[PDB]
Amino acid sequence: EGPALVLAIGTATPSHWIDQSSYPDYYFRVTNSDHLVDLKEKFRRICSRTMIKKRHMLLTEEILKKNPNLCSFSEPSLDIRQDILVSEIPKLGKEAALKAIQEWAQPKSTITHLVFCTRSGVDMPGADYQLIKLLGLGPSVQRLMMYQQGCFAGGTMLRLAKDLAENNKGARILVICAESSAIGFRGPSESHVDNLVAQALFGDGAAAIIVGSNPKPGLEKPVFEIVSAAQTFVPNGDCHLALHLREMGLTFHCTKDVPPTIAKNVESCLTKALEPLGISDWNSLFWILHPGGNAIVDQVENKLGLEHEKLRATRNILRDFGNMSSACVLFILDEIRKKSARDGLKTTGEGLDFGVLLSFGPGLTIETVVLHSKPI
């Protein structure tokens, strides 16, 4: 019985989407804030610097019209956010999971475990229960519901699925990360300009992977191997990155120190993960980086001395989807595999053998996952 493998990846987004170039006009128009000219220009500059071209969003103009409190900055809004998310998040997860199961090509009743991960709404029973119902799985699927984790949680889910797959003979784990900015969408406010950053960053999406050890020959086709997974955090990280669930929905606290602190700390995580494997040249790896913002992508690239194309897949996902929180890295996994096929390369990791997936989030938590590629 050997290492946990990624056996399939699927993704899904809400049909509704908005291009970033026209997003300042849409945002200030639909929140009835067009009289705030200077704030609107600042938001234009922020959106132009995000390096995001479009984002998919569960919230439509129609939903904003039916619920004007969503367009305020602080009015009570958690109840409508919950009414939307408790229903929509399992459905988006279901779409991603169906695509993953189709690639996997095994019967869905063979799934033994489900791990569902989100920070967009909570409920009891959780989204895992709803997804079991929506997918037509049996009640004997072993569920784990990971609520309110954040951006770093893609790495966390890989870390968890590794143990689930390697310690249970024959286990097949459906892992789903589903996120929506509807939990934190709110109108602009000159008293709280930094929140504009969040309103420019976050998009909606779900990713699903199938994880398992001991692949069936001629039936399953491994995509990646989860070699190792480790978490840490930068002390006092909660003073720099934190999000609270309030009557106004999810709040956002992110100091300017965050990108340089993360970039400052990633090399020790890389060393701790890769020295036991005898790897020290970070450009000998393929890369998956959580694109918390374009600044962090650039600063990790510069601090580590990575060739500019290493983070191409990361940038692609940012460009096409924005920050989808824990789902991002999984999207990027798919992209780096798809890109590898388009370039005619021989492995799922851009022709390289070893790679690293690095994610980060609230508390300056950092997840480091070492991956091994597979034949394309």
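Just count from 1 along the sequence shown to find any residue number.
Between the stretches 287 to 295 and 171 to 179, it is 287 to 295 that shows the larger average CA temperature factor. Between 258 to 266 and 160 to 168, the higher mean Cα B-factor belongs to 258 to 266. Across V193, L144, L98, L243, the entry's maximum B-factor at the CA atom is seen for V193.
Set against one another, the Cα B-factors of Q148, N302, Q231, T112 in the record reach their highest point at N302. Per the PDB record, residue ranking by Cα B-factor puts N214 in the middle third of the chain. Among all modelled residues in this chain, the alpha-carbon of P188 has a temperature factor (C-alpha) in the highest third.
Remark: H56 belongs to the lowest third of its chain, ranked by C-alpha B-factor as recorded. Sort the chain's modelled residues by C-alpha temperature factor and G351 lands in the lowest third, per the entry.
Compared with the other modelled residues of the chain, the Cα B-factor recorded for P24 ranks in the highest third.
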